[PDB]
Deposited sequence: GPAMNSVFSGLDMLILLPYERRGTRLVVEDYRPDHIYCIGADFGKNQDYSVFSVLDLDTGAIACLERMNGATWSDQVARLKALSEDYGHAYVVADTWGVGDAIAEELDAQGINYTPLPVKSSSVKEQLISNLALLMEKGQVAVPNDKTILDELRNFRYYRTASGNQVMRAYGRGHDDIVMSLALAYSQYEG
């Protein structure tokens, strides 16, 4: 089969509380270090921010939004960063340059991961899936997160390019957000 996350058996599911748009697994612990994997979506696609607690290896918080302005999205990203001790952002902007200019303007500390190459995407995703297989990924036990992971698939094109995307016309911005966060997991 062409399911990307074959180690879904090993995905750990954590309880959470919905506090607005945030699913919260843990509040900020000052002795821990955090980072945010931020995927940005245009149109129907969602922007998703995932807070990884690097000291624990688990997602502390996840925030999802759809169809807000860039200024709105970045300002929610900022506030998320401040509430997790000025956590560094890994951002996927591959959305135009408008998002980048908003990130710079509001003064966010972030690495733009190109995500403009089949190869780079493969590495992010492969890394997430292998960490999952090893039992080192833990996410809020939420139907929406689990479904995107369950439905993420490999496809082949006529040129032999690999496509990694949701089954059908589903969304995969949660997969990418998670992949960006766990890119910092050691």
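Participant: Numbered from 1 along the deposited sequence, what ranges are absent from the coordinates?
Facilitator: According to the deposited record, C-alpha coordinates are absent for 1 to 3, 98, 191, which together make up the missing parts.
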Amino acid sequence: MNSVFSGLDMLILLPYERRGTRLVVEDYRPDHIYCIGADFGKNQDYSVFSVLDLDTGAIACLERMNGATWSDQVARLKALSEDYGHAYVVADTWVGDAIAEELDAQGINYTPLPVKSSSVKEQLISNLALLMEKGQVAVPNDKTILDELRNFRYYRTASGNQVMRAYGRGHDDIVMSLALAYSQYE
From here on, numbers count along this sequence of modelled residues.
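Participant: With respect to the recorded C-alpha B factors, which stretch has the higher mean value, 113 to 121 or 25 to 33?
Facilitator: Averaging CA B-factors over each stretch, the winner is 113 to 121.
Participant: Give the stretch, out of 72 to 80 and 96 to 104, with the larger mean C-alpha temperature factor in the deposited entry.
Facilitator: Mean CA B-factor is higher for 96 to 104.
Participant: Name the residue from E63, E148, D53, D45 with the greatest C-alpha temperature factor listed in the entry.
Facilitator: Answer for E63, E148, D53, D45: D45, with the highest C-alpha B-factor.
Participant: Rank-wise, by C-alpha B-factor, drop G160 into the lowest, middle or highest third of its chain.
Facilitator: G160: CA B-factor falls in the middle third of its chain.
Participant: Select lowest, middle or highest to describe the third in which the CA B-factor of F5 falls within its chain in this entry.
Facilitator: Its C-alpha B-factor belongs to the middle third of this chain's values.
Participant: Taking only the Cα B-factors deposited for this chain, tell me whether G67 sits in the lowest, middle or highest third.
Facilitator: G67: CA B-factor falls in the middle third of its chain.
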